[PDB]
Each structure stands twice: as structure tokens, then as C-alpha cells.
Amino acid sequence: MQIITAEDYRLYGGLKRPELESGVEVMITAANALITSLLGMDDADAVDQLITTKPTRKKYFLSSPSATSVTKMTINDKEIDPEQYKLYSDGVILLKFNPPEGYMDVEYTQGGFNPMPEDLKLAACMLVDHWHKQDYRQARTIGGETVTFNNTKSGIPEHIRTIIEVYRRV
Amino acid sequence: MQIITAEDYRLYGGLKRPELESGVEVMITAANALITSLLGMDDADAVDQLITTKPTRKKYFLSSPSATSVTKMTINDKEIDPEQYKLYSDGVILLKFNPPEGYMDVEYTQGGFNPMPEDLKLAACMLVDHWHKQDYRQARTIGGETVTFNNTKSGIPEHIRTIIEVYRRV
Amino acid sequence: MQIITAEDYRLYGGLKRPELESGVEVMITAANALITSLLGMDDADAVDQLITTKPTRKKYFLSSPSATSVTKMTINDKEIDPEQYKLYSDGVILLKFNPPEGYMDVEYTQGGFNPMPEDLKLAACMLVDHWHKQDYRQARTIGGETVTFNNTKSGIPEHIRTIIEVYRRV
Amino acid sequence: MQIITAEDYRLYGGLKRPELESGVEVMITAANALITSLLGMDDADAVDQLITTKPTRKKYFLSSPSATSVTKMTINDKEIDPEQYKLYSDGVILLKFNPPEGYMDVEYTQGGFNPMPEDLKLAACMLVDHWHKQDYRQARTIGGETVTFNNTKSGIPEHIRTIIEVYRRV
Amino acid sequence: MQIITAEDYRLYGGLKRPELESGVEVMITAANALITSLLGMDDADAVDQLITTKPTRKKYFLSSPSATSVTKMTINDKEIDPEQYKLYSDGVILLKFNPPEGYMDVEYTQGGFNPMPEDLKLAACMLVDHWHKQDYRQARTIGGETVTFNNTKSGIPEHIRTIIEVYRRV
Amino acid sequence: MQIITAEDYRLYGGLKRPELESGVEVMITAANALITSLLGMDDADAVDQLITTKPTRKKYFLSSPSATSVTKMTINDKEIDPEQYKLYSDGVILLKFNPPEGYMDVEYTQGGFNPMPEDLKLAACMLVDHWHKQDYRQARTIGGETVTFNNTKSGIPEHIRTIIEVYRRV
Amino acid sequence: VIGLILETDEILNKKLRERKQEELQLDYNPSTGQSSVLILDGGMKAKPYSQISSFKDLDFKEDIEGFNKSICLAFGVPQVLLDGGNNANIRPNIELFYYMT
């Protein structure tokens, strides 16, 4: 996805200089990719899937909880009418009939976070700050001033970790 | 939700200055979103839900404990009259009849914290203060003055944690 | 509840200044809300409750241990005469007859701490001082003077914790 | 109860000044309430109680071990003559007959510590001293002089704790 | 793979010097090889594989989850028509017929990360900086300035570790 | 194997001096031998091996996963035609017939890392640097400058350890 | 079903890892293989795992027998006629079945 870019990164901090340094753009794009990868999302217009179909099961789960619609469905090389299934608010799909055994092929259109939450923007901005200023040490001191940094959970700091884990199943 | 905004943030601290810095508004909005996300609410006028119905069960729980009213109810593609249920103080729904098996679809209207509690406002103010002044380190020493910060519970500090967990099931 | 307000907060500290800084009133109101929320109480004139009725059980407990009176009781859509029950000192309700199965709906009026105990006032004053003076760190050293703070029990300090837990089931 | 008041607080710590500071009276009253609450007592002239009555049981325990007398007794809505029970030194009540099943309603007059023990007065005075001088930190160093305070048991310090537990079931 | 090269390494940092020290190119190539070896990839145009075939199994997984197409498949020295199978989005291969026992030989063409993710480039830049500046000690103190480094997970630092383990099964 | 020699060692660091010191060549050759020994290889043109043969087993593993071809195979003192086996990408050998019991003798030609990986070259260069500069102590302090070295895994440092264990099964 | 679980804290070359997975499984089977002793070098450990869901908790004999007996009861056929037994079990049960049902 595209979380921050130069305008939001500038608004987060106070830079007044003419332009972001060459290294800053790479870090911003890297954070944009890394967060959307950590949240379980995958940048793709449409996704093809295998959901195993057992009888007496009428509730199948799509991979992306943010599936807008299902273009087509095929069970055992046989297409199914749009009136035999209903896609609810989540990826949950309900089948009115009893599906036969075999395999299921579903094509859906994925769309996530059309209005972008500000929590993810803050998390990405502070990740960019973490990479830019090398605040990835256990301790540091330049003369009088000493700094001891936070504990890390799977590498990322605690605050970015809590924001991600708030949004970490999409 | 909108918990704090500029006026309440100004009242919490003492700012004589003309105007909040550009980075402060982003942090305020991010705190507004994170708090309303951590407490379990979801910003939405109406929510569609699947509550599975078993026989000899007449007490079903809505997702939001702050549901004002139920617009319609549908059990197995059959609507239910308003006189067969009545919504109590919480999201609890009591069914006078014995529901058949299958699935149930309920559409309700959410309303949360019309009088905004001051505890959540203080929590948001102290969160945005936590972000603004970079008080997310284990310790810090600027010359003579030394500060050792509190322990963290799932990232957020202890005080914000206790306020949230006081309100963390809505 | 309304525990402290400006007069009692002034009578604790002893301040001589004309007024209370704009931030102090917000902290006082937040402490008033937080304590009445932590004690298990709920600001409400009347509360509707579901208490399930099994046979050979003639002792049901109301939600609030400080219920002044019961306005109305209805078992299985049938009202009950006031002479078939009487509410004791606590929320305990004894039913002279054998209640049928089903559900019970009780409406009662809450009254809590008409004479306000001084313990809660001291706890709230300590909380507002704790928030005002940022005394929520593990240690602090301003020049020669060093202060190491107490351990925290679910965030709140030890003294406020003991006062609350003395009153924390109302 | 009323343990200390201004005269006893003054006698505890010799003091020359005209009158106790405004904050000191609030702390004294708060300690007076807190100690009598911690010792299990309850300020009340008369107390109504439910004691479950099983047959072959002729020894029922009153709530307050300092019950002066029992005004009336009613078992299953039937009053009982004063010659059928004897209230001994403690709250223990002996029934000459075999009580029937059901429920028991006893009204007694509570009176506790007519001669005030000096241990409770000392405990309350030192609690007031603990609150007045903010001796509720783990350590403190004002220049050369350093102080490390005692361990806490459920918040209150060790000495106040042991005095309370000496008197903590009345 | 080829992740960084001189242009990307220059863009990550700020270098105005004419060229890259002779040692820097070796470290860049070493990082390029090390990352593509750690993530489970293998630089190869085509790969021959043994996938054992049991009956009533119609789902076989290829070695590389990024297999573009299958050129040829041979079950027990007998070629299979292209219409008896079709390769899905991942390396998953479904066989329409029931395969006999024995062994299967499949030739496929690997294609990996045609658009290079920026996370891997950032990780490689961090690795080459880690090798160039000898920042692989537990602590270091040059005069006043002291630096204490992060914990290591299987040798590589925490941030590179998290990026790799985000991409470490391809 | 020959991983480094003087040219690659010079390219790793920056040496403008005429010629490597006499002790450096010995350390380079020792690193060359230690790495090729640790990764499980053995410098040899051809290797004779006893692979025991049980019936109903047609998949035998050669000692070296980098065997180019098998010159001769003999089961129970009986030579076997080249058409009864064909050597796959790894050392895996598939026998078309059912081998009799007894013992089986294979003569193959080993070839390992014809294109030398840069990871092993960097590991060897940093090993010889580790030996030359006596960086095999827990800590060291020359005047102001203090260095605390990494933890060791089976003697070799963490970084060389991770590179080796990436390549340590050949 | 699992036979051996080996754990390491480093990234040891997925391809040769799978090769060793095949090799150990082939070698240590007593039907096709002649090895019994394992030496773990380089720091690799062995996790003493157990079995979570076994086939001994699924005791379905009594329920199935009850269902069969109840069906035979519903139709009226004595169980001895279906199973078979001694003469005193054979003839009176035949007479009871025919007559009563």
C-alpha cells in the first residue's frame, strides 16, 4: 500500500528544508512495504484460492477479510449461480445448498483501508524515524546525555508493535 | 470516535501559544483512533451480524454492548415480528419463542458514549503527550536531571493501560 | 459520583492562589469518574436486570449492594405483589413463595454513599496530585534530590489501591 | 469511629503552633475512617442479619464479636421468647431448643471499644504522619541525608499492619 | 539475486566520494548472496525434483513457491499431458487423475521477485553497513561516546532478522 | 579448497603495503582448510563408499551432495550396467531394479562450488582477520577505548557461525 | 504421526535440511535400514514431544452396539437369530420371533 509519502512524513515532523534527503525516500517506501506485509495483506487486484469443500459445511472463509465481492465461483469444474451464495461483511461466505466434495475455486476483488487510519500512518512515520536516526541499539550516550531504548518484540519496538498487532490480521 | 481535539488538548495542558504545531494534530487524531480501536468499538452506523441459533436457547448476545435498537431480524430467511423479542439494557436479546436451527441475521444501530467520559479524555491527552515528548524509552538523562520511565503493558504505559482496561470491552 | 470538587481539593493541599489551573479541574473530574468506575458502581437512577429463577431457590442477589428499594418485579410476564418479598439491608432479596422457572425482571433505585467517606476523598486527592505532578515514573533525580517511587498494583499506587480495594465491590 | 482527634494528634507529636493545618484535619478524619473500616467493623447502632438455621445446630455466630445484646429474634416469621437463647461473651448465641429449618432474623446492638486501646491511637497517629509527610516512596535523598522506607504489606507499612492485624477481626 | 548494487547502496546513504572502497563491493555482493541464501531461494533457471506419489492424493507442492510454469512431468517413466494438471498461484499442483504409486519427476522454471521489494534492499543495506563498520560487538566506547548493540538472532541483528523472517520461506 | 588467497584478502581490506606479513599467509591457508573441513567436505578426486542395500529400497544417498557422476557401482561383487540407475541433482541415487541384500560399492567424482560463493569468502576473510588481530578475548581496553566482543558458538564467532551453518552440510 | 523432532536456532540450508529429513527417515526405519544410533553435532537438540490426540479415546464400540441392538429391538428380530447360538438358543428364539412378531 501507500501509507505515508513525503507530505505525511513532513507533517509528522517539522522539516522546513527544501526536500527530503535521498535516503529518506527509500526508508519511507521500505516502511510502506514492510507494514503492509506485516499486517498479513498482499497487494493484489484479484486473488485465486482453494477452499476445501466438505459436506454439511455452509460457511467458508475467504483469505482477505476485506473482500469487496466475488466475481465467480467454481466447485469441481462446475460454475455456480450468484443466487446460491451471499458474501457478508467479512470474508465469510454462506452457501444455501449443500456443497459436494472436491475442491473450490473462488475469485474475489480485494480492497483494504480506503480511508487510511491515522494509527498506521503514525506507526510508519515512527518506523521511518527509527530507521533514519539509528535508534536500534540497547543504549547510547553522547557526552552527558544518555539514552536507553525500549525492549523489542520480534524486532520492531513496543509502540509500533502494539499498533501493528491492533491491525495485524488484515 | 472524537474524544479530545484541540480544545480539550489545550485545556489539559497550558498552552498560551497561538496554535498547535502541525505534528500535534496528527498525534491527536491517531490517539483518537487507537483508543476507539483498543476498547473494541468500531465506527459504524449499522452492523450486520450472524448469530447462530440453537433450539432451547432464548438469550442471544449482540456484538456491541451499546446497541440502541434493532431494526430487523431474520431467522432462516424469515423475518420476525417486533413483538417476539425486546432488547434489554445491554446487547442481550431475549426471544419469547423457540428459535429454529440455522442462522440468524440482525441489523442494529450502535451508539457509544454520548456523554464522553473524562477518563478516556485524560487517557487520550496523556497518550498524545507520550507521543509528542518522546517518553518511550527505558531511561533518559539530560545533564543533572535523570528520569526512569514506567513499565509497559502491551506497549501502552501502566496508567493508560489501567484506564483502557477499565473501559476495554465496549 | 462527585467526590472532591474545588473546595475539598483546596482543603487538602492548602494552596493560596486565586484559582485552580485549567488542567486541574479536568484532572479532578477524571479522578471522580475513575474512582466511581473502579469501585464497581455505576451512575444510574434505576437499573433493569435479568436474574434467572430456578425452583427451590428463595434468595436472589441484586446487582448493586446499595439498592434502596424495589419498584417492580415481574416473573415470566407476571407481576408480583409487594408482600411476597422484602429487600434486606444488602441487595439480598428473599421470596416467600417458590418462584417458577424462566426469567425475572427487577427495577430498583440505587443510592450510593450519601455520607461520603473521607477515605475515597483522600484517594481521589492523591490521584489528582499523582496526575498533576507527573509522579508516575520509576525514579527521578533533579540535581541533588532523588525520589524513587512505590510499586504499582494494576497501575494505581499502593495507597490508592488499598483504599479502593477496601471499597471495591460497591 | 473516633480514634484520634486534634488533642491526641497533638499529644503524639509534641507541637507548639496554634492550630493544626487545614489538610491535617482531613487526614485525621480519613485515618479514623480507614482504620475502623480495615478492622472489619461497621459504624451502625443496630444490624439485621440472616443466619441460616439447620437442625441439630444450637450455636449461631453473630456478625459483630462485640454485640452487647439481642433486641429480638425471629425464625421463619415466628418470634422467640428471650428465655430460649443466651448471648455469651462473644457473638456466640446458644439455642436451648432445636431450631427448625428456614431463615433467622436477629437484631442486635453493636458497641465496640468503649475504652479506646492506645495501640489503635498510635497506629492512626502514625498513619496521619505517613500521609502528611509524603513517606510513601521507596527511597528519598535530600542532599546528604538519605532515607529508605520499610516494605509494605497490602499498602500500609509493617508497623501499622501488625497493629491492625492484632485488632483486625472486630 | 541482485538486490543492491552501487547505485542503491549510494542512495541509501549519502556518498559524495567518487567511488566505493574496494572492500565495499565485496561486502555488497556477499550480502546479495547471503540474503538470497537465507530466504530459501536458489539461483537456478530450472529445477528437477522428486515428489513421491501416493494414491488418493491429488495435491503436490513444488519446491519453489514462485514457480512460473511446469515444462514437463513424468510419472514412473510415463509423460503426463498438460491437460491433466494446472499450476495455481503458488507451487501447488492439482492432478485431475488418480496418480499411481512410484516417483514423479517435474521440471519447472523459477521466477522470484521481479519487482524487488524495498524491505529486502533495506535489509541488505543494513547488512553491508554492519560488515563495513565493524558493528558486531557487544559494546564499544570511543572516548566519551558509548554504544551498546542489539541482541542477535542466529547472528544477524534484530531488524534484518525480522525482515528476513517476513520473507524467509521463498 | 582455495577460497581466498592474497588477492581476495587484499581486496577485503585495504592494504597498500608491498606484501602480506609472513604470518598472514599461514593464517589464510589455515582458514581455507578449517572452513572446507567444517562444512563437511573432504578434498578428494574420488571417494569409495559402502552403502548397505536392503530390499524394497530403491533410493540411496551418496556421501557428498555435490557428486558430478558415478564411475562404477558394484553390488555383492557384481558390476551393474549404467542403465539401471541415473544420478539426480543431489547425491540421491534411484535404482530401477530391486537390489539384493549385502553391500554396495560406489565410486564417484566430487566437485564443490566451482563458482565460489562470496559468503564463504567473506567468512574466511573475517576469520583470518579474527586470527591476525587477536580478537579472541571477552573484552579489551587500551586506554580510553573499550571493546567487548561477541558471544561464541562452538568457538567461532556468531557471524562466521551463521555463514558456515548456512553452508554447513556440503 | 511423527517419529522425531529436532530443533535448531539457526538457518541451516533448507535444501540440505530436507535431504537430511529424507535420509534419516529412510535410514532409521528397521524395515529398510540398519542404523540405530544418532549423533547430533553443532548444537542441534531433540524435543521430547508427545501425542496430542490418540485413537484410544475414540471408544465407539458400546454406542454402535447399542444402536444395532435398538434397531433389532424396533423391528422385533431376536439378536440370537442374527448372531447364532446353541440349540436351546436356536429353536425357542425362532418360535418366539415367528409367533410374536
Specify which of the listed residues (A:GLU145, A:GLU83, A:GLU158) is of a type in the set (D, E, K, R) and within 30 Å of A:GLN49 (Cα to Cα). A:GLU83
Somewhere in segment E:37-45, is a residue buried (at least 16 other Cβ atoms within 10 Å of the Cβ), free of Cβ contacts under 8 Å to residues at least 12 places away in the same chain, facing chain F (nearest Cβ under 9 Å) and not in a strand (DSSP E or B)? yes
Within segment A:106-120, can one find any residue that is surrounded by fewer than 17 Cβ atoms within 10 Å (Cβ to Cβ), in contact with a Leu (Cβ under 9 Å, 6 or more places away or on another chain) and not small (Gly, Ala, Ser)? yes
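Inspect all residues belonging to segment B:6-25 and state whether any of them is in a loop (DSSP other than H, G, I, E, B), of a type in the set (A, V, I, L, M) and under 30 Å from B:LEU94 (Cβ atoms).
First, pick out the residues of segment B:6-25 that are in a loop (DSSP other than H, G, I, E, B): B:13-21.
Checking the rest, the ones that are also of a type in the set (A, V, I, L, M) come to B:15, B:20.
When the remaining residues are screened for being under 30 Å from B:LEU94 (Cβ atoms), the result is none.
No: segment B:6-25 contains no residue that is in a loop (DSSP other than H, G, I, E, B), of a type in the set (A, V, I, L, M) and under 30 Å from B:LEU94 (Cβ atoms).
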Unmet requirement for B:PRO115, which otherwise passes all of (1) without any contact (Cβ under 8 Å) to a residue 12 or more places away in the chain; (2) in a helix (DSSP H, G or I); (3) not β-branched (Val, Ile, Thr): (2)
Examine segment G:44-62 for a residue that is of a type outside the set (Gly, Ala, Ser), away from chain F (no Cβ under 14 Å), assigned to a helix (DSSP H, G or I) and farther than 30 Å from E:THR162 by Cα, and state whether such a residue exists. yes
Every residue in segment C:157-170 that is away from chain B (no Cβ under 14 Å) and in contact (Cβ under 8 Å) with a residue 40 or more places away in the chain, please. C:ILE163, C:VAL166, C:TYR167, C:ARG169, C:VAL170
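For segment C:11-36, what are the residues that are farther than 22 Å from C:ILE156 by Cβ and surrounded by 12 or more Cβ atoms within 10 Å (Cβ to Cβ)? Let's see the steps before the verdict.
Let us first name the residues in segment C:11-36 that are farther than 22 Å from C:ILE156 by Cβ, namely C:11, C:14-22.
Residues satisfying the conditions are C:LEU11, C:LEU15, C:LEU20, C:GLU21, C:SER22.
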Residues of segment G:18-43 being more than 8 Å from chain F (Cβ to nearest Cβ) and of a type in the set (D, E, K, R), in sequence order, are G:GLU18, G:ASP27, G:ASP41
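Conditions (1) within 18 Å of C:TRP131 (Cα to Cα); (2) in contact with a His (Cβ under 8 Å, 6 or more places away or on another chain); (3) β-branched (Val, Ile, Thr), marked per residue:
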site: C:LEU15; (1), (2), (3): yes, no, no
site: C:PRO18; (1), (2), (3): no, no, no
site: C:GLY23; (1), (2), (3): yes, yes, no
site: C:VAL26; (1), (2), (3): yes, no, yes
site: C:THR29; (1), (2), (3): yes, no, yes
site: C:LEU38; (1), (2), (3): yes, no, no
site: C:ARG57; (1), (2), (3): no, no, no
site: C:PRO65; (1), (2), (3): no, no, no
site: C:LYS72; (1), (2), (3): no, no, no
Which number in (1) in contact (Cβ under 8 Å) with a residue 40 or more places away in the chain; (2) within 30 Å of D:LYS59 (Cβ to Cβ); (3) not hydroxyl-bearing (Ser, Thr, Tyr) marks the one condition that D:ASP129 misses? (2)
Test A:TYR60 against the criterion of being surrounded by 14 or more Cβ atoms within 10 Å (Cβ to Cβ), aromatic (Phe, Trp, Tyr), closer than 22 Å to B:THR52 by Cα and touching a residue at least 40 places away in the same chain (Cβ under 8 Å), and give yes or no. yes
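I'm trying to understand the selection: among the residues of segment B:124-138, which are assigned to a loop (DSSP other than H, G, I, E, B) and either closer than 19 Å to B:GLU25 by Cβ or small (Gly, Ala, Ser) (or both)? Even if it seems obvious, please write down each step before you answer.
Of the residues in segment B:124-138, the ones assigned to a loop (DSSP other than H, G, I, E, B) are B:133-138.
Residues satisfying the conditions are B:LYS133, B:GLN134.
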Which of (1) surrounded by 13 or more Cβ atoms within 10 Å (Cβ to Cβ); (2) within 14 Å of chain G (Cβ to nearest Cβ); (3) among the charged types (D, E, K, R) does F:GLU101 not meet, given it meets every other one? (1)
Considering (1) part of a helix (DSSP H, G or I); (2) more than 10 Å from chain B (Cβ to nearest Cβ); (3) of a type in the set (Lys, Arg), say which one A:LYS121 fails and leave the rest. (2)
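A quick yes/no check of all residues on (1) closer than 30 Å to F:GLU25 by Cα; (2) touching a residue at least 12 places away in the same chain (Cβ under 8 Å):
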residue: F:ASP77; (1), (2): no, no
residue: F:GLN84; (1), (2): no, yes
residue: F:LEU87; (1), (2): no, yes
residue: F:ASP90; (1), (2): no, yes
residue: F:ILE93; (1), (2): no, yes
residue: F:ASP119; (1), (2): yes, yes
All-but-one check, G:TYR28 against (1) surrounded by 10 or more Cβ atoms within 10 Å (Cβ to Cβ); (2) within 30 Å of F:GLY155 (Cα to Cα), failing number (2)
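Mind listing whichever residues of segment C:126-156 are of a type in the set (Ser, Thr, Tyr), crowded, with 17+ Cβ neighbours inside 10 Å and either more than 9 Å from chain B (Cβ to nearest Cβ) or out of contact with any helix residue (DSSP H, G or I) (no Cβ under 9 Å at 6 or more places or on another chain) (or both)? Lay out the reasoning, then the answer.
To start, the set of residues in segment C:126-156 that are of a type in the set (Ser, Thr, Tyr) comprises C:136, C:141, C:146, C:148, C:152, C:154.
Within this subset, residues satisfying the condition of being crowded, with 17+ Cβ neighbours inside 10 Å are C:136, C:148, C:152.
The answer is C:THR148, and nothing else.
Given the structure, is E:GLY112 touching a strand residue (DSSP E or B) at 6+ places or on another chain (Cβ under 8 Å) and under 30 Å from A:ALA33 (Cα atoms)?
Details: touching a strand residue (DSSP E or B) at 6+ places or on another chain (Cβ under 8 Å): no; under 30 Å from A:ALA33 (Cα atoms): yes.
When the stated conditions are applied, E:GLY112 does not pass them.
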When segment E:1-20 is examined, which residues are found to be more than 16 Å from E:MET126 (Cβ to Cβ) and of a type in the set (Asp, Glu)? E:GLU7, E:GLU19
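Report, by residue number, each residue of segment D:67-81 that is surrounded by fewer than 15 Cβ atoms within 10 Å (Cβ to Cβ) and either in a loop (DSSP other than H, G, I, E, B) or hydroxyl-bearing (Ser, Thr, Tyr) (or both).
Let us first name the residues in segment D:67-81 that are surrounded by fewer than 15 Cβ atoms within 10 Å (Cβ to Cβ), namely D:68-69, D:71-72, D:74, D:76-79, D:81.
Result: D:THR68, D:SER69, D:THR71, D:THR74, D:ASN76, D:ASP77, D:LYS78, D:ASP81.
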Look at D:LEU62 and say whether it is more than 13 Å from chain C (Cβ to nearest Cβ), more than 20 Å from C:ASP119 (Cα to Cα) and within 27 Å of the chain's Cα centre (by Cα). yes
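Listed here are the residues, each with its yes/no results for (1) surrounded by 10 or more Cβ atoms within 10 Å (Cβ to Cβ); (2) of a type in the set (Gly, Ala, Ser); (3) more than 30 Å from F:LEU38 (Cβ to Cβ).
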{"residue": "G:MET44", "(1), (2), (3)": "yes, no, no"}
{"residue": "G:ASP57", "(1), (2), (3)": "no, no, yes"}
{"residue": "G:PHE60", "(1), (2), (3)": "no, no, yes"}
{"residue": "G:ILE71", "(1), (2), (3)": "yes, no, yes"}
{"residue": "G:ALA74", "(1), (2), (3)": "no, yes, yes"}
{"residue": "G:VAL80", "(1), (2), (3)": "yes, no, yes"}
{"residue": "G:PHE97", "(1), (2), (3)": "yes, no, yes"}
If you go through segment F:82-90 one residue at a time, do you hit one that is exposed (fewer than 14 other Cβ atoms within 10 Å of the Cβ), within 11 Å of another protein chain (Cβ to nearest Cβ) and in contact with a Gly (Cβ under 7 Å, 6 or more places away or on another chain)? no
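Confirm whether E:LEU11 is within 14 Å of chain A (Cβ to nearest Cβ) and touching a helix residue (DSSP H, G or I) at 6+ places or on another chain (Cβ under 6 Å). Can you show your working first?
Working: within 14 Å of chain A (Cβ to nearest Cβ): yes; touching a helix residue (DSSP H, G or I) at 6+ places or on another chain (Cβ under 6 Å): yes.
Taking the combined requirement at face value, the residue satisfies it.
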Can you give me the number of residues within segment D:82-111 that are part of a loop (DSSP other than H, G, I, E, B), within 30 Å of C:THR56 (Cα to Cα) and not basic (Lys, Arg)? 6
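Just so you know, all these numbers are worked out from the coordinates, no wet-lab data involved. Positions of Cβ are backbone-derived with ideal geometry, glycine not excepted, and every protein chain shown enters the neighbour counts.
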